[PDB]
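Below you'll find the structure, written out as structure tokens, and then a few comments.
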Amino acid sequence: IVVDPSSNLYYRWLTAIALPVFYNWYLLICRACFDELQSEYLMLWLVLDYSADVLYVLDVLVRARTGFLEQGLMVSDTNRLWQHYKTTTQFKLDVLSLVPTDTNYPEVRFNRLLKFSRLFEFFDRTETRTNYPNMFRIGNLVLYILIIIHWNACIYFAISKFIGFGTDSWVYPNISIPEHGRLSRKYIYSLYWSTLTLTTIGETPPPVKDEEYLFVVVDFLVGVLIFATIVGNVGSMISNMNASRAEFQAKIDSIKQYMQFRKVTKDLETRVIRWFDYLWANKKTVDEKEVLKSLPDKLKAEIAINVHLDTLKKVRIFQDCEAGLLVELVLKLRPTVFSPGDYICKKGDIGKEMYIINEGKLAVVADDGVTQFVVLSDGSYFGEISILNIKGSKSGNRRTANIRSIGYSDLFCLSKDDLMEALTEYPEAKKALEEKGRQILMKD
Amino acid sequence: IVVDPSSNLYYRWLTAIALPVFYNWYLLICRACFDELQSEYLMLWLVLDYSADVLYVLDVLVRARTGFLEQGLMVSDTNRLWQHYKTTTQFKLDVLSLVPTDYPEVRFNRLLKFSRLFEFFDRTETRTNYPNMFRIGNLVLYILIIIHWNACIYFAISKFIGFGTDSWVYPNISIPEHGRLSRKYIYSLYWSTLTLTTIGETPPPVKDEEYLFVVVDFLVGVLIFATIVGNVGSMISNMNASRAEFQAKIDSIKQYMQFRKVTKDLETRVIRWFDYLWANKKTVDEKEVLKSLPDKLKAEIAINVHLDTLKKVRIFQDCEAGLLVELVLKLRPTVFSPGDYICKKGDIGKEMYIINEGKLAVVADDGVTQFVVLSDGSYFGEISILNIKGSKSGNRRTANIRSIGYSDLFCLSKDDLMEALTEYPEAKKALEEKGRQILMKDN
Amino acid sequence: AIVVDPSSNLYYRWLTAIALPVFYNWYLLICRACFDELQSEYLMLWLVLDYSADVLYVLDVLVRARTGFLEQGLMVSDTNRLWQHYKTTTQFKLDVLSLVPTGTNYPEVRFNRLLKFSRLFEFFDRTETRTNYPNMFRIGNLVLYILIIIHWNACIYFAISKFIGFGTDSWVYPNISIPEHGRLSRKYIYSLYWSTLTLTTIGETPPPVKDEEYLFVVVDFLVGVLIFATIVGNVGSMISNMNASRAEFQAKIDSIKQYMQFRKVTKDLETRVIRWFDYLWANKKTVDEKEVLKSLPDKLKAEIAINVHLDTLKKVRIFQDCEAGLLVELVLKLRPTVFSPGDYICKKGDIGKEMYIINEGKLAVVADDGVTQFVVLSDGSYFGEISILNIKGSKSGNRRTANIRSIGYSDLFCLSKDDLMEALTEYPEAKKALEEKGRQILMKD
Amino acid sequence: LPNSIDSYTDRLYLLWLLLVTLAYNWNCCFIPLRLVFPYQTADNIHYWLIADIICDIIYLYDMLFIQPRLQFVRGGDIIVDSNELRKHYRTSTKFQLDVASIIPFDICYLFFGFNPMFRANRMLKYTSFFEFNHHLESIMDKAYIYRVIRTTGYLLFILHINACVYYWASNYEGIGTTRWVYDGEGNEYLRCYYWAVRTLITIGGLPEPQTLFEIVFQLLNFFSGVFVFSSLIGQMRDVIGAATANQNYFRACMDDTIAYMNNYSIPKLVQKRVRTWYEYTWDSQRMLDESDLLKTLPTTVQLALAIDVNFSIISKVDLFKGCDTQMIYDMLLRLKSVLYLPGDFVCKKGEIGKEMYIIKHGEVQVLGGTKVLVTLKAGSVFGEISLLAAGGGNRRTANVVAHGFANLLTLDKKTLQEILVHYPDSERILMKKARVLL
Ligand SMILES: Nc1nc2c(ncn2[C@@H]2O[C@@H]3COP(=O)(O)O[C@H]3[C@H]2O)c(=O)[nH]1
Ligand SMILES: Nc1nc2c(ncn2[C@@H]2O[C@@H]3COP(=O)(O)O[C@H]3[C@H]2O)c(=O)[nH]1
Ligand SMILES: Nc1nc2c(ncn2[C@@H]2O[C@@H]3COP(=O)(O)O[C@H]3[C@H]2O)c(=O)[nH]1
Ligand SMILES: Nc1nc2c(ncn2[C@@H]2O[C@@H]3COP(=O)(O)O[C@H]3[C@H]2O)c(=O)[nH]1
Ligand SMILES: *[C@@H]1O[C@H](CO)[C@@H](O)[C@H](O)[C@H]1NC(C)=O
Ligand SMILES: *[C@@H]1O[C@H](CO)[C@@H](O)[C@H](O)[C@H]1NC(C)=O
Ligand SMILES: *[C@@H]1O[C@H](CO)[C@@H](O)[C@H](O)[C@H]1NC(C)=O
């Protein structure tokens, strides 16, 4: 059996193996530095370390049987997979993170930290997988900040133990005292000093000896570099979060300043601002071409027939004229958004647009009298006789009605040439639509 | 009555209901932690809380009888609105926040109407005249709420630990200097600002829970400072983004003109044009600024910007409405520098110009003389664009045309003019008869 | 009878000569108001400088009553209409309010002279637009604004300290009777030190004691965290703008490298393209000229096209007898391409549809064999002017007659056959003139 | 030692700029240090002097034997000849700075004793430091790690300058006079670097200044420290935004199209197909669109990049032996890159056809209606007969689907016709090729 790297069994395995790598990092530097946590809960840490080593054995056994892409298809030959895992440095790392060195010195198990690529791959898969990527980036950086804070707390306690407890004013105090002697106080005051040094706050006791001066200089330099990276990345991510709305409001006040300068009257100004308010309120700010230019025509056609074919399939002779030509039409259609009371067409105008109504309600009104001839809900179509314009007709070359908007309608336009070069490969569809347009145009 | 969700009444209602939500947040955490406000101004807080609950029940009635868009139309069936409100989660949140739990910690369910305040802030951000000033006001309001909540949290932790047993906690409140409510609130706010703005001038912790609370508080303060820096950087880089883009454009133009070794009088001409542009605010260009609005809205905008100057010329009024719409959308505006010649003699007549905010004049061959000085509303470029055999001229000009001041024109090239005279050459022929009359008269 | 032109340089000289006394008025007026030893000790200097600042203020009123303004495209010059245009604004109201002529110990009554901030803002904006060091001036302007804020806060802290009483608390200024904390230099430098350590979130001040001091310090720390946020934002935007073009070019280089490592190109083509792009960067022409000149008007584009390409397109002897209309049309419709060494411009036997005008390059014609330098061309030369006229009757039939390779980093001008036909489809006499001159040169060859 | 230098090929001259960088960085670090600390003791002047002598010999070797050999361009053609290249170096502005920096004030040691302030003119080789920065940043395959190293180097150098200045101010106030100055009890450079870190990083915790010189010093140091820390945040943020730019844009478009599909309530199968398309596009190209990348490059480099990736695949086609190089080049400049998911159709048996499919890193199978007739590895081509024929032509004779992640190259019918109408003789011989095919 071969597991797929893009599957979900592999991701559940990534979670069940990115638990003990994180355990190894966090609690192994803590067990190696504090040394009462190790020699107190010895059976607990031995059970957890044996479980971590068995999970690493299964990690090597899974990476020696995972699949990879070669010439498009999933390669599943076991000998080729063994060789392809053997040739990479990750196999050397997974072998170096397995040698069973370990009692009272758990520093000998630091070779289990060499499998950091697994935790990084788990973080990367969850970032590209979950539906909250910015909050997961916040969580990833907060976990990195906490790991670095915990590691410098452990390093401050180790430097204090190596120099001598309670000797200077900078080191951890004398450990024989029962107030500074418990492990909770040990770890919590080491975390307090670690965060008040790595934050560059400095409400901590100043150093005395030269090795303490050197460690505190190096620690504030690491603190300012880490905190500069954190501030910069959080500012960049907040800017990425708000960029869309910022450029939208940029476009808004740009067109506002334009019309205010070019002296457009207040009713048209207020209608444009109301249209932009409606656009933001119903979330149609993105453009279809600008969002799906990159996707290929096959997937664009899948989304097109998922969105508009259910609305197009209810008109008369369009019951599967030809599948490829219906695909071409639902790809080459183009959206538009209208305002209430806006005339789609006047009298005495050339027609070059077929409009389909979809989530909208237009109306056919007379010229002088505001009247309701017939209302048209979604799925209806209009424009056909003026797009066709076949020889032998009345041949006005004009739109013979007033299709007026009732509310905030939303049509999906289709130009005459985007009809023509769509149907150019199959002229029998043109012949059928020509006869239907001819009969409605000649019976009037 | 059905409440319009986009009107002015709805926004004024969002103001009148995002006042007591902010009151409930701010003064409920303060009255829960401080225990002196709730003891002193008991009837005042009871009156204001009863008024906030009346505003909450009026809020759930107004969010009941408000409208929502269906098929592009605002529905008005009140039972349909009630069903649409009953099926969603905001009615669940409202009926959860209206549990009648009539010391001041039992009223913390009134904080659940936070989306109403959030909607008021977003509606004001959309609706106001000063979006960046409102963004910085909203950011100071958010960090003041956070500072106040952390001050009340520090005071509650100090009361739980004991007053003055340690040196980190608030002092012994029986001493009459540290026992007043004014100094209690101002010292808790000052401690909270010193912790959250990552400064740490405060006394250091002594107990283990104090060490842990100060670590959590400093990490919260790091993330608050990073969010403040990010939001002010985004605002200060989006407030002069137009200036930065125009500076990059000017620098690319300067780079090109320095590379191609063009002469210094043309250099000073281009830089005086760019200084005129930046001192008169014509920075954005037409084709890119009018691409993101719908087609009938830009047709309406073209109507409203050029009919007021196309109806000032009398001889051009005899034209059909559809031709007027298509030409008023196909008009292209350009801005000409002073002294620059629009059409010389012998040059092919390409374009038809409409004078709007400009003072052009005609001159002779390399001689500044004034045969007739044009003004606003006039028109020229008419006899070389219809492709007529004229008075032994053809497709050429008649005389030189200068530019006295920073004129602005309405260009119409022969291509879009054939796209004009593909619709009713009869009306264009009437215009051609009067143009040929002028032509035979003057040449 | 003079009219000050607000786009000239005399107006900028006046903006400098009025942006010195406004800035002085702001800075040293808040200092003289809050300290009350400068105002008592340097009284002759402050009276002289105040009288000079009010003289410059009234001359600024007189000048701003005589600056023209662009209506109908022209610069209007009649003094009555300029006075009316001045009087209908609110800036004249602010100026006549600032010029109010108010026991020579309180400059608190002279705070109306601060109301000419518009001159200082106009000077800063005109300098930012005009000078050639825009990022250095943006950082200088930010430093000046936060120095004004730090100075105003230092004067405010000293005024609050004088109101509370010197040496009463531990947060306020020390006792001024002790002659070490009593020098005026010591006073101002310690007040500036306190306001910088507060307003840039340093926090080394002594802790406050009373409620009013706690409230002033928390308000001052919130103003300080906002000032630190704007400082970090402005310096980040300055760093992101100082090399934005270079970062865009490195992004383009990395995109080309990623595309080439994707499509598995040969290493010689990869290093050729990389050295080509680095040469295009070092020669400062990597951006395409239509994207440069998109924002220019058509007349300025035409004048730039004349000034660039007519110097080379009048060096041609074959295309000489035509008209300035076609000259301007061809210099508008020339499009440039930059080449690489060893690149084939036009091989033998190709459909000639482009014409090339060499400009800052050096080329070569060779045979089908390879590197046999027959004729090395130079700047101002031309080729392609015989297979784009499409003359019937000769042995070629629009076919390339030579293998043309570049030996250095050439820079040509592609003039396409369709572009020339669009240029000449409204000139039949120029069409037949080019046809007959091509026929004569082809019967010569 | 060659006759001339290769500005972009010389590993030797890159190590030479590394040596001049080490000399110039030695001077920029250690001239403040020797100037303000008492480290030039009586048993150390000979060691410091042989260090400065080998520094100045590296300077003179750079001015004489290397810098008159670097190649350059003038008028497009590269320059090889030595006298003209040396004249180009002599009349350049680098020689101005170099002769201004090699001015030997070491002869002033006999007039005023030993003072390394006289060698402050050797700090003017910043142009040869920046050429080294630009060369290493251009040659390294990861520019962001070197940008971080250069930012940390600038930070450590500014802090060393501030430690040296603080110790000079401590001597000028007198060591151990007041409570602000350095008290002498430890390592001088270490405690002074500690002071410079906790001041110029704007950290706090140091003793309060007393004398007015100390207050002015501490004020200007904190203000320049706020600006240095702001420059550090801005520099690191720019490194982040320039290292993750295409990843952030790709993730932004991927999240905006999944937001579009969740706004239109798109089914889970179509959303999974779209997201596995995006995941394979990221694992293949590390980029979203490549046509938009190609439209920015110049025309002849577009043509060369197209030919080097597609000309063997065209010239191995037995049907395209008769056609000619110009329109083959144009049609290879006008191909489209597509990606078909496994299990999807590219041509149905009975579907009309208007495209030509070149396959490239893919594996498709032809089905004659589920049994696979043939398979095609990378480089093969199919779908020709329904490309060149006019009118309805012929429908596709069989179902062909992508087995794996096929990355086809498509040429549409009408685009081929638009290329063909510019080339009438080859269009005519292609019609005759159609007639001898049928
Ligand atoms: N005139 C007219 N058009 C109709 C009617 N019902 C549907 N339509 C469509 O409405 C149209 C709107 O203008 P068109 O010229 O585009 O063509 C018309 C028809 O295609 C009807 O009863 N009258
Ligand atoms: N010659 C001339 N043209 C005028 C006059 N008044 C308006 N115009 C227009 O100015 C023109 C400029 O060039 P045109 O060829 O466009 O044709 C000319 C006329 O249409 C006038 O008094 N003389
Ligand atoms: N074949 C050829 N072209 C030359 C010669 N001298 C100048 N030229 C020009 O070089 C050209 C380059 O290609 P063209 O087809 O454009 O036409 C050729 C001529 O106009 C020469 O000796 N032979
Ligand atoms: N029918 C068929 N087509 C094949 C086979 N091998 C390659 N092809 C190509 O596959 C094609 C797919 O549809 P086409 O009409 O384009 O024409 C067919 C052939 O050119 C095969 O065995 N059968
Ligand atoms: C620590 O405390 C013990 C007893 O409390 C004492 O004997 C020892 O000397 C102390 N050591 C230090 C270094 O303070
Ligand atoms: C506070 O002070 C009062 C009297 O001053 C004393 O009775 C009380 O015990 C003190 N409380 C604490 C916690 O110290
Ligand atoms: C300041 O010094 C004078 C001089 O002795 C003294 O009288 C006064 O009380 C002092 N003020 C304070 C607040 O200590």
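Chains as they are written, first to last, in the UniProt record's numbering: chain H, 159 to 260, 268 to 609; chain L, 159 to 260, 270 to 610; chain B, 158 to 259, 267 to 609; chain F, 206 to 573, 577 to 646. Think of the CB as a built atom: it goes at the ideal place given N, C-alpha and C, for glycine as much as any other residue.
Q) Listing by chain order, which chain F residues have their CB less than 8 Å from the CB of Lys448/H? A) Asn468
Q: May I ask which residues mark the beginning and end of the alpha helix (DSSP H) holding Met441/F?
A: 417-448
**Q.** Identity of the residues DSSP links to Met519/B by a beta bridge
**A.** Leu579/B
**Q.** Sequence ranges, alpha helix (DSSP H) only - wholly within the segment 486-550 of chain H, length at least 4
**A.** 488-497
Q) To the nearest whole angstrom, what separates the beta carbons of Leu576/B and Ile522/B, a pair I think is in contact under 8 Å? A) 6 Å
Q: Closer than 9 Å, Cβ to Cβ, to anything on chain B: give me those residues from the segment 386-414 of chain F, in chain order.
A: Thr407, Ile408, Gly409, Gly410, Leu411, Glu413, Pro414
Q. Does the pairing of the segment 310-320 of chain L with the segment 208-217 of chain L give three or more beta-carbon distances under 8 Å?
A. no
Q.
Against chain H, does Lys511/L count as a neighbour if the rule is that its beta carbon must be under 8 Å from one of theirs?
A. no
Q: Give the secondary structure of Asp289/L by DSSP, where H, G and I count as helix, E and B as strand, and everything else as coil.
A: helix
Q) Which of the three DSSP states, helix, strand or coil, is assigned to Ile568/L? A) strand
(Q) Using a Cβ-Cβ cutoff of less than 7 Å, which residues in the same chain neighbour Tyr591/H once the five nearest sequence positions on both sides are dropped? (A) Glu487, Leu490
Q: Could you tell me whether any Cβ in chain H is nearer than 8 Å to the Cβ of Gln229/L?
A: yes
Q.
I want to check one thing, is the minimum distance from the CB of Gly331/B to the heavy atoms of ligand 7 below 7 Å?
A. yes
Q | Spatial neighbours of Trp445/B in its chain, beta-carbon cut-off 7 Å, leaving aside the 5 residues before and after | A | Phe413
Q.
Assuming the contact rule is C-beta atoms closer than 8 Å, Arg481/H and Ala528/H should be a hit. Round their C-beta distance to whole Å, please.
A. Actually they do not touch by this definition, with Cβ atoms about 21 Å apart.
**Q.** Within 8 Å, strictly: CB atoms of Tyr520/B and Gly548/B
**A.** yes
Q) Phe550/F by DSSP, collapsed to three states: which one? A) strand
Q. Would you call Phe285/B buried or exposed, if buried means 16 or more other Cβ atoms sit within 10 Å of its Cβ?
A. exposed
Q) Does the count of Cβ pairs from the segment 514-527 of chain F and the segment 583-594 of chain F closer than 8 Å reach three? A) yes
Q: Check each candidate in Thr259/L, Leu177/L, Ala531/L, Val495/L and name the one with the smallest Cα separation from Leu204/L.
A: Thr259/L
Q. Taking the alpha-carbon positions, what's the residue 266/L to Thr450/L distance?
A. Residue 266/L falls within a stretch that is absent from the model, since chain L runs 260 to 270 with no residues between.
Q) If you measure from the beta carbon of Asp303/F to each beta carbon in chain B, is any gap under 8 Å? A) no
Q) Is the Cβ of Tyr378/H closer than 8 Å to any Cβ of chain F? A) yes
Q | Shell residues, 7 Å Cβ cut-off relative to heavy atoms of ligand 3 | A | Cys510/B, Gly516/B, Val529/B, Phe538/B, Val539/B, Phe547/B, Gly548/B, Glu549/B, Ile550/B, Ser551/B, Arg564/B, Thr565/B, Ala566/B, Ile568/B
**Q.** Selection of the segment 265-283 of chain F by Cβ proximity to chain H, strictly under 8 Å
**A.** none
(Q) As a quick exercise: from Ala222/B, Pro298/B, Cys191/B, pick the residue whose alpha carbon is nearest that of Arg274/B. (A) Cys191/B
**Q.** Proximity to residue 266/L [Cα-Cα], best of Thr565/L, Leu494/L, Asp514/L
**A.** Residue 266/L cannot be located in this model; chain L continues from 260 straight on to 270.
Q. Taking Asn288/F as the reference, which of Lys299/F, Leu275/F, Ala448/F has the closest Cα?
A. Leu275/F
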